[PDB]
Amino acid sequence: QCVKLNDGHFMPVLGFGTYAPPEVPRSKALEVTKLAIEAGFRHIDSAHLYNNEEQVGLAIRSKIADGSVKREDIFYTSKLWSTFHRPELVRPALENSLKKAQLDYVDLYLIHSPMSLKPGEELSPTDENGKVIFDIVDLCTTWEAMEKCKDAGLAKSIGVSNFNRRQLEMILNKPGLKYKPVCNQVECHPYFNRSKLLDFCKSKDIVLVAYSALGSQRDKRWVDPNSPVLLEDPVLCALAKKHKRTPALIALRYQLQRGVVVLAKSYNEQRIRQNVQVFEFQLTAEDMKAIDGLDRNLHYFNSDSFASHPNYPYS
């Protein structure tokens, strides 16, 4: 089940999230990506940041080599990390990701974040207060570099991630724009449902892709443990009992019914298979209204590390 993007390529509407924190052994990403393809996932979300592209790429190539899928059946995404926003660094970062995955192309390459970081060896160059060391880059010039990558065939489609509406607007009104972003991948779930951003994306034929749709991995680097746990929400739980589903399935189905493409990360064999059940049932209009009521402007990513950055999108 696929949505047609504004460049004419096609994106599966449920995607598998591959990130696991560093205490998870690298080899697991390989195992669980194969499991996710076996279960029916066809859209796979990785990044340079995640340090797993070699494992994710191998899982994909294994599922091609054993005859399970064709390359053309898999939609693989990676992302340009914030230290590589300077235009001259964009193509080389993409080539790096292709060599890691051993793929001839990515189906989608995103600017991972609007918050440009000082170029260098560190993923997160830090200032002493622990604030990321910012860089001033015109993201319009980073976007022109992305467009060159699509023109060379390195990425079939190009898009952005963590952009707010005004940031998206800036790209859209760029003089001489050749390709609009196909998508904006952002934090989106019933506690932060981004309905104003969704409406703007829909008006621009840009797909909103929801990450942390199940409420995030709750990593203490960036997430306050007092924050309400999305999957313990009583309304989602009540809806899970009503449909004899689970609160995750409720959270995933809500996105599809608003025209949002949705990611789900799991490294558990059972939950991976469970998550494809999103296609097996429907929420009613009143169910959707109840879930719309949960919105509380809650982004789980909420650290002093980035909240002072000049291009923080939640400002």
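Numbering starts at 1 and runs along the sequence shown. Definition used throughout: the rigid core is the maximal C-alpha set that superposes within 1.5 Å between two forms.
**Student:** With everything overlaid on the rigid core, name the stretch, 198-206 or 132-140, whose CA atoms wander farther on average in 9 other deposited structures of this protein.
**Tutor:** Between 198-206 and 132-140, greater C-alpha deviation in 9 other deposited structures of this protein belongs to 132-140.
**Student:** Root mean square C-alpha distance from this form after a core fit in 9 other deposited structures of this protein: higher for 303-311 or for 8-16?
**Tutor:** This comes out as 303-311, the stretch further from the shown form in 9 other deposited structures of this protein.
**Student:** On mean C-alpha B-factor from the PDB entry, just flag whether 129-137 or 83-91 is the higher one.
**Tutor:** The entry gives the higher C-alpha B-factor average to 129-137.
**Student:** Between 113-121 and 229-237, name whichever shows the higher mean Cα B factor according to the PDB entry.
**Tutor:** Averaged over C-alpha atoms, the B-factors run higher in 113-121.
**Student:** Which of these has the highest Cα B-factor in the record: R245, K180, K156, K196?
**Tutor:** Answer for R245, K180, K156, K196: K196, with the highest C-alpha B-factor.
**Student:** Taking the values straight from the PDB record, which of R253, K28, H43, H48 has the highest C-alpha temperature factor?
**Tutor:** Reading the PDB entry, the winner on C-alpha B-factor is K28.
**Student:** Check where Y211 lands among this chain's C-alpha B-factors and tell me if it's the lowest, middle or highest third.
**Tutor:** Its C-alpha B-factor, which the entry lists for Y211, ranks in the lowest third among residues of this chain.
**Student:** Relative to the other modelled residues in the chain, which third contains the C-alpha temperature factor of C188: lowest, middle or highest?
**Tutor:** Within its chain, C188 is a lowest-third residue by C-alpha B-factor, going by the deposited values.
**Student:** For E54, does the deposited CA B-factor place it in the lowest, middle or highest third of the chain?
**Tutor:** CA B-factor rank for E54: highest third.
**Student:** Could you tell me which third, lowest, middle or highest, the C-alpha B-factor of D104 occupies within its chain?
**Tutor:** According to the entry, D104 has a C-alpha B-factor in the chain's middle third.
**Student:** By its CA B factor, does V160 count among the lowest, middle or highest third of the modelled residues in the chain?
**Tutor:** As the PDB entry reports it, the C-alpha B-factor of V160 lands in the lowest third of its chain.
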